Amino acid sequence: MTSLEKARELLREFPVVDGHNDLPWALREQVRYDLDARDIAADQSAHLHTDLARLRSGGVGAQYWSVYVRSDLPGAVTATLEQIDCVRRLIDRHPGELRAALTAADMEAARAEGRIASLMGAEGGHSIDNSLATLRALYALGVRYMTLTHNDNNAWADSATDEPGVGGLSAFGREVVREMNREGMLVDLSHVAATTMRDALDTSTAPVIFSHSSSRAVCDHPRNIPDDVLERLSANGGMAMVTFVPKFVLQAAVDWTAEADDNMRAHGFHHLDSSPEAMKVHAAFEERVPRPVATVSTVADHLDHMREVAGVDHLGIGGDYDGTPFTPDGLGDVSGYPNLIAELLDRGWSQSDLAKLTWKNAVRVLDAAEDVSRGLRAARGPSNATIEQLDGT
């Protein structure tokens, strides 16, 4: 059989646990959670990367649904609860296809019955409003990882896409990591600065993840992971879940985006300005310099290097579907994973290597978080510390 046929067979046995899909945010923005208007039991190809049929075609057996909210708007906690509610409603609406999962055992139970294990991950520490009790409430509601920052610094952690702030984690930032360890919430180091990665690895007593980051050595962008950090994963026990975002994984796309941003500033616009006038300027740039396109090969290049440095036991996949408008060819939506697995087969990845990448590493890591939490919950009570106490006025 072809590599693609073999890939599908392999995924039927050990499906993908995807680290980060922004369907909830897409539903929030497109239709304000009018789920009938984007029914994922029907074909949503015109609007979304994600629906149930494409998840099945793609060999997705578990999904961390992102409950991302904007850090640059007020009411982050309320919005996070709305995102969590969206995930709950999707699970309730589609019991034939989705099963809520809170634990590694739940993931295996879902796999045994052929339902997609549905977990939640918060994307940025702003979702807890500097409140450890709020962190505990998110865990109680089912959140099983939290990205420590999004694109901007928060009061206690530095983002990779912002200027240096506290220098990694502040004292309160370390307290957040300790509390996540005690609760059994995975520390997610996507988005954070390399300093923050190192501070988190110093502090965490549980395996950490990168829910959607690729390799900085392969493509130099602050959203990707440095080799020295990848090297620490085997000792920490965690995993890096490669992402597909073209402007992170393809050198030509990083360069093009930098030039596009420079061009915007040349016209007196902030690079993120979305006014009609700014859009005209960007359109003119793309007219004379077409947007480069990544491929499955681009993503496999990251995985090859990440495997060499981090080890096969420390890898996963986090597509960022519905979180990015652009995708590599062959990975245009959630049905694409078999194309990546086929490429890896062609590059000599073994069946057991691939089962770790898709399924086994993610289950091990969540189980490990539970194990560390058991010890910490027996050893001490929850923290009552405040950011004022630990970081000062």
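For every residue, the number given is its place in the sequence shown, counted from 1.
For the pair 286-294 and 310-318, the mean Cα B-factor is higher in 286-294. In this entry, 93-101 has the higher mean Cα B-factor, the comparison being between 144-152 and 93-101. Highest CA B-factor among the listed residues (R174, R136, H270, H126): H270.
Listed residues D261, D85, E183, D158 were ranked by CA B-factor as deposited; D261 comes out on top. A379 sits in the highest third of its chain by CA B factor, as recorded in the PDB entry. The deposited CA B-factor of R223 belongs to the middle third of values across its chain. Ranked by C-alpha B-factor against the other modelled residues of its chain, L55 falls in the middle third. Per-chain ranking of the deposited C-alpha B factor places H49 in the middle third. Per-chain ranking of the deposited C-alpha B factor places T203 in the middle third.
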